[PDB]
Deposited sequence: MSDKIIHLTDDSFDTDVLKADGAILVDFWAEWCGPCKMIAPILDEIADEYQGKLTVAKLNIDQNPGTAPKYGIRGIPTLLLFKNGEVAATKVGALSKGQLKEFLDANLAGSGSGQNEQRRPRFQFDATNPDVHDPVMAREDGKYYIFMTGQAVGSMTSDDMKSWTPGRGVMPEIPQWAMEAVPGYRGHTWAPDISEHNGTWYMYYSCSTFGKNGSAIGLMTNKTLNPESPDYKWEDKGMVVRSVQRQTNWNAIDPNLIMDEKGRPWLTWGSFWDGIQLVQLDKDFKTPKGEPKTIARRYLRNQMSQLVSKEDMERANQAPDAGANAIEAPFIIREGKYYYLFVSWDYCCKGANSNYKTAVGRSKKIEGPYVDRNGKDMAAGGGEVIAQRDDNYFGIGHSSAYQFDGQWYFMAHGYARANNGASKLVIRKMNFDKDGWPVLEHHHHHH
């Protein structure tokens, strides 16, 4: 029996954007998957984003054939930038690519995704981080920075040249799980709120159905590079973090997070392994607020 369930759709590694009162979700899928909602409540599957699967990617990552992971979307000066991951599960022979578009509406005559090639690559038996899970974050000076990473040494941070694709120096590890290996940390996401940058990370194990233990943690820093810390002063680089999404009455695990502010309200978006669908990965959106001390807290 065929069913979509518009109010509770299957999604993996989601990211969200809004244009002209319409909500756009981009996720892991062929050519990057997509969804569409008028009200952020009922969704409609769309076409794969990529107009074709880029050659440079298939070459740099052997095995990659268009099944793309964890996109990131954001708008800067009327240009939409979408970062995307190319890899094969369990290995770090990976590359992050970028593509740009003037609009997100596919019925628009201005709609055309121009691929801009490779941003950053990780290579087998050599690089101590994994070139997947990108997130673009701007500083107060307007300069672009990227976070990415999954396992190995952990979460990387590097400033990007103003073309949004070439890094400046080498990266610098910014958050760890403890102390592929057992450094279960991935899906970094940084937002600016108040006096601080908040780095959101996913801890532990996704991708194991109803046996996943995925969770989401948070830490903060006044400086973008500067040490990220939890409620009691512990550095994320050493395994600090406040758990904010977790094993639940509804979920075995919740992770691969992202945060957006729509109409004065912050929203925490992730995917959760739903108990009512024996571990199927569903869309999770919770209202997020910052307390007195300036720490994020979720609804439900």
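Going by the record, the unmodelled stretches of the deposited sequence, in order, are 1-121, 301-321, 443-447.
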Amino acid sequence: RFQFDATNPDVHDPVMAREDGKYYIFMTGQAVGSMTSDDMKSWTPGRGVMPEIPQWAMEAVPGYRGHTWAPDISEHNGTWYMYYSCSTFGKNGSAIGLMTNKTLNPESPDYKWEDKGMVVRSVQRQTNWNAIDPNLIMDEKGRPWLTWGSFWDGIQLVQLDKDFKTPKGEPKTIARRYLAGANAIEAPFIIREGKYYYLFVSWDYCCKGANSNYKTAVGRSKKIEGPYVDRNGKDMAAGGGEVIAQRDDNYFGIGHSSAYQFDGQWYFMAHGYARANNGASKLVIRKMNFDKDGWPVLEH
From here on, numbers count along this sequence of modelled residues.
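A summary of the deposited B-factors shows that, of 118-126 and 200-208, the stretch with the larger mean C-alpha value is 118-126.
Once the C-alpha B-factors are averaged per stretch, 253-261 and 53-61 rank with 53-61 first. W113: CA B factor lies in the highest third for its chain, per the PDB record. Among the modelled residues of the chain, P144 sits in the middle third by CA temperature factor in this PDB entry.
For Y178, the recorded CA B-factor ranks within the highest third of the chain. Only modelled residues enter the ranking. Among the modelled residues of its chain, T100 has a C-alpha B-factor that falls in the highest third according to the deposited record. When the modelled residues of the chain are ordered by C-alpha B-factor, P45 sits in the highest third.
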